[PDB]
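Novice: Sharing a structure below in structure tokens format, with a few things to ask.
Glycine gets a Cβ as well: all are built from the backbone with ideal geometry, and neighbour counts include every protein chain shown. What follows draws every value from the coordinates through simple rules; no lab data is involved.
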Amino acid sequence: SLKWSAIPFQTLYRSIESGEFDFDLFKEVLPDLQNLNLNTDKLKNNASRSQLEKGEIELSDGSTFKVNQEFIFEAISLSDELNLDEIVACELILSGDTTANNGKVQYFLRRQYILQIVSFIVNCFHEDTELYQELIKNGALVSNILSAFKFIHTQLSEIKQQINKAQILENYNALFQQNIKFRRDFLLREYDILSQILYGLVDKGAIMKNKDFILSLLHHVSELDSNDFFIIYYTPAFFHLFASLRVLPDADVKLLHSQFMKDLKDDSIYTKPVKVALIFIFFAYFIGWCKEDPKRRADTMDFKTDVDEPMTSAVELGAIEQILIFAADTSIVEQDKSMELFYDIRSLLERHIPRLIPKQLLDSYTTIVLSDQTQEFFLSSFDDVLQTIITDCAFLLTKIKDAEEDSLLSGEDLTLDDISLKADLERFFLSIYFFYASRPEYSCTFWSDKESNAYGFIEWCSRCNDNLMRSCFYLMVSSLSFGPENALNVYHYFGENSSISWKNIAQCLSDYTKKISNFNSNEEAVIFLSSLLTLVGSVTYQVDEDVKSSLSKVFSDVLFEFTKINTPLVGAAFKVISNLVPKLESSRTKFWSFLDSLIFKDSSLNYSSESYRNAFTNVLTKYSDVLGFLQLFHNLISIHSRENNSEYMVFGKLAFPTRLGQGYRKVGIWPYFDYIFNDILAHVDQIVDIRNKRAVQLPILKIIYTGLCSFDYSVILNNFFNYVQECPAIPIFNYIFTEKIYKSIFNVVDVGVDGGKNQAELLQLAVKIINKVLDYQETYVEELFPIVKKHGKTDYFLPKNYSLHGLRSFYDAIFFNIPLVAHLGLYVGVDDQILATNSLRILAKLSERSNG
């Protein structure tokens, strides 16, 4: 029997942390380790319930104990909760300090340690090593590894039975859901550490003595559903196993090869698309293995019958669709803050195999992480798969390329399903895009060396002209311009060494622009354009100002012309333009001109402010338009030229042209803030879907705050009339005091954390803004307001009735509003410094009225 504590296994592991392995304890608990997580004999007994329900119980390691009734109930809650033997369940409560459910902890900690140890040994110690050799040597470990995965499966169903039992009773409360997340967690960790062990056993060679394990594993994996994300946890072992085919005796490599071609002719193979993929990868690797010992291997073989015919078969059975899905469902492209997709490409390309979801944990798991140790084996092994395919499979790529250029016929009603059918090459491009996105430590392989196959691969892909391949190419490269360092190569790649040049790209964009407005005097174009923009976006973001500045020479004027047309891609172009906007305020004049033309070209202005708000609301007619507009504006009014370690725009400077709009309207920046405040911020508090509410709230708050820092106040505390009038800080104060405006800024503070860590920023901004207003409320009312009111010139946007408003409204809704004051109170403690140290500043100002 096994020592059912978790303290021998904790301390053993800690020894090894610092190379203190005592052969003593290790040799003691050896067979417990070989058993991994299994409790394969001692499950729930009733010959052990009578034993327990007397109150006197006996352990296998000697002594016995008197057991009261509180203990008996913790112990049968274990056996009923975990189909576990009752006296085992008791050794487990004894071993770990008796508190409310600490037997359930020792059960899981015991297993977790075991697994981690095995994993440490089979992955950090050498193969010749003494214990690696002890551990493996019975071969009892190898015969349990697959069982140990299956055990996790059965338990996760045990859990779902239990769940379902709880719902029929309607006892499916909060604290049930919680003692399940607790176990579903411990198990997912076990699966993830069992991934490591399996991989380790491949790299150590233990499961590669012959073809037997591979086939049995390949079976085991094929039992899961085609969309069980648990498949991923076997990909490191399988990927690396095929990539060390040399370890196997040739005799057996040959037998698998044969086996597999037989498998691809079996009919019901196509309902196991994961086998198809794995097989296909085997072939990608086999190729190189034949070539490594030609005389005995390669020369034996006929390439058309022994390789190309089957690989082709696997591609037609969706082998690539499955690689894309592996790639995409582990991708961290959501982290790429420069990347933005404007068209759902994954739904055009993946239409035959389901997305992977951790369905044995579902019925609260949106996205899953892999351990560091596992992320590393996966990434490394899979990168090696993608690159093997690149170098060793060029013939298949050209085969497919050529296939596709021929298949679809002009003059037909193509459906998305039709367009996707043969798009196997484009799928492979997307596999690259998902897998390398945000992973610069690998992305860089493509650009690192101009001889390398990877770099060649790119040159090749850059000559596929098929509109869909061309756009998928554009997307792929955006993924690969991730670093500040990769972005710069991608900048060179189109400037210097290729058939496609930055100018050609703008030239496409220009041509489409003509075609589109002439038609008015299509999905294929959305796909192409959306990708063009996705790419120019990604790079323009990630590069310095010089480089930004050249790309502007190429793209600004054409992007400008494109947003004049009404596409659904206006917003998208706006986001790109904004990436090109330079830091120096001086250099922004061409962009401000653009935008003011855009808004006011077809305007019918008159005496009313409303006329100017309509200019905006006629043009910026849909959500995406607005959102893009706000990012552009946010960048155009941003403060770069600032006083040394202040945050205030150096006294005297503006972020835009003097007398903006001169010649076609009452001039100046004011109307922009009329739109932004009243036409938009006023109405976010009734935007449909929260994530989009936040998506527009947050630009606006950033803008508002920028404006407030946008005039050096302390020149006064511690033609200048004109500067004061031109300055955005004026209209910004003027609307902050409208109530609809200070109310919305104030709720942000009422309901806080409730985006995600994006929503938490929106909150800091809210607070910082209010503080800033209090600091300078005074300075606006004495200095600024009158300067403008009294010496403001009238060829500007300046309301007839410009006045002070909500001095009493803003205060009474702040000072007399309570829960705001209370909420602020409750923030002084919170972790966030920006939130706390500002909340405190607000309270201190308020505090200087002293009393209620």
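Novice: Between residue 128 and residue 100, what is the spin-label point distance in nm, taking each point 7 Å from the Cα along the Cα→C-beta axis?
Specialist: Modelled inter-label distance: 5.6 nm.
Novice: Of the cross-linked pairs 653/800; 181/693; 514/601; 768/790; 653/740, which ones have a Cα-Cα span greater than 21 Å in the structure shown?
Specialist: Flagged as over cut-off: 653/800; 181/693; 768/790; 653/740.
Novice: Once you order the gyration tensor axes a ≥ b ≥ c over the Cα atoms, which shape class does the chain get: rounded for a/c under 1.5, otherwise prolate or oblate by comparing a/b with b/c?
Specialist: oblate
Novice: Each residue of the stretch 135-152 in turn: what ³J(HN,Hα) in whole Hz from Karplus with 6.51, -1.76, 1.60 and θ = phi - 60°, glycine and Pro shown as x?
Specialist: Those phi angles translate into 4, 6, 4, 2, x, 7, 3, 3, 7, 9, 3, 6, 4, 5, 6, 5, 5, 3 Hz.
Novice: Excluding same-chain residues fewer than 8 positions from residue 359, which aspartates and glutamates have a Cα within less than 13 Å of its Cα?
Specialist: 225, 228
Novice: Among 4, 592, which comes first, second and so on when ranked by fewest other beta-carbon atoms within 10 Å?
Specialist: Fewest-to-most Cβ neighbours within 10 Å comes out as 592, 4.
Novice: Hey, what do the phi angles of the stretch 331-343 turn into as Karplus ³J(HN,Hα) couplings, whole Hz, using 6.51/-1.76/1.60 and θ = phi - 60°, x for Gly and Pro?
Specialist: Once θ is set to phi - 60°, the couplings for the stretch 331-343 become 7, 10, 5, 4, 6, 7, 5, 9, 8, 7, 8, 10, 7 Hz.
Novice: Among 252-258, 323-329, how do they line up from the highest to the lowest mean number of other beta-carbon atoms within 10 Å?
Specialist: Ranking the peptides 252-258, 323-329 by packing returns 323-329, 252-258.
Novice: I'd like to compare 496-503, 769-776: which one has the highest average count of other Cβ atoms within 10 Å, and what's the full order after that?
Specialist: Top to bottom by mean Cβ count within 10 Å: 769-776, 496-503.
Novice: Separate question: Please sort 75-86, 647-658 by packing, taking for each peptide the average over its residues of neighbouring beta carbons within 10 angstrom, highest first.
Specialist: Highest to lowest by the protection proxy: 75-86, 647-658.
Novice: Further question: Please give me, ordered by residue number, the trypsin sites (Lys or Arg not before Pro) of the stretch 259-293 that lie in loop per DSSP and have at most 13 other Cβ atoms within 10 Å.
Specialist: 265
Novice: Moving on. Under a straight-distance cross-link criterion of Cα-Cα below 18 Å, which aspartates and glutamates are reachable from residue 295, leaving out those fewer than 8 residues away in the same chain?
Specialist: Hits, sequence-local ones excluded: 250, 252, 306.
Novice: Continuing with this model, one more query. So for the chain, taking the charge dipole from beta-carbon charges (+1 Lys/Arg, -1 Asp/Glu), which of 755, 852, 331 sits furthest toward the positive end?
Specialist: It is 852.
Novice: Between residue 179 and residue 402, how high is the FRET efficiency from 1/(1 + (r/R0)^6) when r is the Cβ-Cβ distance and R₀ = 56 Å? Nearest 0.05.
Specialist: Plugging the Cβ-Cβ distance into 1/(1 + (r/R0)^6) gives 0.45.
Novice: Got a sec? How would 124, 90, 464 order by Cβ neighbour count within 10 Å, fewest to most?
Specialist: Least to most surrounded, the residues fall as 124, 464, 90.
Novice: Next question, about the same structure. Picking from 274, 358, 136, whose Cα lies most toward the positive end of the charge dipole for the chain (charges on Cβ: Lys, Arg +1; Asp, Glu -1)?
Specialist: The one lying farthest along the dipole's positive direction is 358.
Novice: Using only Cα atoms, locate the centre of the stretch 229-280 and the centre of the stretch 693-766, then give the distance between them in Å, rounded to an integer.
Specialist: Rounded to whole Å, the Cα centres lie 59 Å apart.
Novice: Which FRET efficiency, nearest 0.05, do residue 526 and residue 553 yield, Cβ-Cβ r, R0 22 Å?
Specialist: With a Förster radius of 22 Å, E is 0.25.
Novice: Using only the alpha carbon atoms of the stretch 363-454, find the Kirkwood hydrodynamic radius as the inverse mean reciprocal pair distance, in angstroms to one decimal.
Specialist: The Cα-based Kirkwood calculation yields 16.0 Å.
Novice: Continuing with this model, one more query. Tally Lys/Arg at +1 and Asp/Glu at -1 over every other residue whose Cβ is under 13 Å from the Cβ of residue 557; what's the total?
Specialist: Result for the local shell: +3.
Novice: Given R₀ = 35 Å, FRET efficiency for residue 751-residue 503 by Cβ-Cβ distance, to 0.05?
Specialist: Result of the calculation: an efficiency of 0.10.
Novice: In whole angstrom, note down how far apart the Cα centers of the stretch 346-392 and the stretch 289-313 are.
Specialist: 29 Å
Novice: Hey, rough spin-label estimate for residue 846 and residue 50, points 7 angstrom out along Cα→Cβ, what's it come to in nanometres?
Specialist: 7.1 nm
Novice: Okay, next question. When a/c reaches 1.5 or more, the comparison of a/b and b/c decides; with that in mind, is the stretch 356-411 rounded, prolate or oblate per its Cα gyration tensor?
Specialist: Verdict is oblate for the stretch 356-411.
Novice: How charged is the neighbourhood of residue 470? Take every other residue with its Cβ under 13 Å from the Cβ of residue 470, and add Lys/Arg as +1 and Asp/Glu as -1.
Specialist: -3
Novice: What is the distance, in nm, between label points placed 7 Å from the Cα along the Cα-to-Cβ direction at residue 308 and at residue 219?
Specialist: Between residue 308 and residue 219, the simple spin-label model gives 3.6 nm.
Novice: Let me ask something additional. Once you have all Cα-Cα distances for the stretch 1-137, histogram them in 10 Å bins from zero and send the whole-percent values.
Specialist: Using 10 Å bins, I get a P(r) of 12, 41, 28, 15, 4, 0 for the stretch 1-137.
Novice: Projected onto the charge dipole of the chain (+1 at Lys/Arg Cβ, -1 at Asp/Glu Cβ, origin at the Cα centre), which of 813, 40, 13 gives the Cα projection farthest towards the positive end?
Specialist: Value computed over the given set: 813.
Novice: Ok, one more. Can you tell me which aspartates and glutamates have their Cα less than 12 Å from the Cα of residue 583? Leave out same-chain residues fewer than eight positions away.
Specialist: Residue 583 reaches 544, 545, 546.
Novice: Then there's this: Taking all pairs of different Cα atoms in the stretch 400-443, averaging 1/r and flipping that mean, what Kirkwood radius in angstroms comes out?
Specialist: 12.3 Å
Novice: For a test of the definition: using alpha carbon positions, the gyration tensor, and the 1.5 limit on a/c, classify the stretch 417-571 as rounded, prolate or oblate.
Specialist: Oblate.
Novice: For the chain, what is the calculated [θ] at 222 nm in deg cm²/dmol (nearest 500), taking -39500 (n - 2.57) for each run of four or more DSSP H residues and dividing by its residue count?
Specialist: Computed ellipticity for the chain at 222 nm equals -19500 deg cm²/dmol.
Novice: I'd like the distance between the alpha-carbon centres of the stretch 139-217 and the stretch 784-832, rounded to an integer number of Å.
Specialist: Their Cα centres are 59 Å away from one another.
Novice: Could I ask something else about it? Would you order 427, 588, 808, 841 from fewest to most other beta-carbon atoms within 10 Å of each residue's own beta-carbon?
Specialist: In increasing order of surrounding Cβ atoms, one gets 808, 841, 588, 427.
Novice: Would you kindly derive the ³J(HN,Hα) couplings of the stretch 496-510 from the backbone phi angles with the Karplus curve 6.51 cos²θ - 1.76 cosθ + 1.60 (θ = phi - 60°), listing them in order in whole Hz, with x for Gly and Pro?
Specialist: 8, 8, 7, 5, 9, 10, 3, 5, 4, 5, 5, 4, 4, 4, 5
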